[PDB]
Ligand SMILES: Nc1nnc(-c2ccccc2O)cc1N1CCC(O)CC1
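Take a look at this one chain, the form solved without the ligand, written out in structure tokens.
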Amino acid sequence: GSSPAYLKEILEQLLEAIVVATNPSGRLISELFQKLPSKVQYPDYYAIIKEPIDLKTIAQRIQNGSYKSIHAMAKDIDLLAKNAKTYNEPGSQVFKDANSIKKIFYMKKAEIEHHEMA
């Protein structure tokens, strides 16, 4: 089984793929997902979203050793995207970027596993 250090490297690879990704315009897809919305500016968000999460939290979990599997990080990516697609609307940039983050994450997860299988 993967050591904590080996797992950390894998999770860091997955996170980096998300945070460096750009749209055609050159804008970072991850920009609005790094930190949760301000509680002062978005009290509606916190009334609506049961378990908020951002990339800062996910990064902290990677650094602290709180994930014990890749699947555990995947569940948090699912949550991140689901929340964004609940608060914002289909066709909005945040909604689109949430789906983009999910695609980037799952593609990289598949690639990492594929390499492990030979």
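Sequential numbering from 1, following the sequence displayed.
The following text describes the form solved in complex with the ligand, which does not appear among the structures shown.
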Legend entry - Open or blocked, once the ligand is placed by superposing site C-alphas in the entry with it bound (3+ ligand atoms within 2.4 Å of backbone or C-beta means blocked): open
Legend entry - 4.5 angstroms heavy atom contact with the ligand in the entry with it bound for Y67: no
Inset, instruction - Find out whether any non-hydrogen atom of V94 is located within 4.5 angstroms of the ligand in the entry with it bound, and reply yes or no. - result: yes
Inset, instruction - Could you confirm whether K35 comes within 4.5 Å of the ligand in the entry with it bound, counting heavy atoms only? - result: yes
Inset, instruction - Would you please decide whether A59 lies within 4.5 angstroms of the ligand in the entry with it bound, comparing each non-hydrogen atom pair? - result: no
Inset, instruction - For the stretch 36-63, return the residues whose heavy atoms include at least one within 4.5 Å of the ligand in the entry with it bound, in the order they occur. - result: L36, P37, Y42, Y45, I53, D54
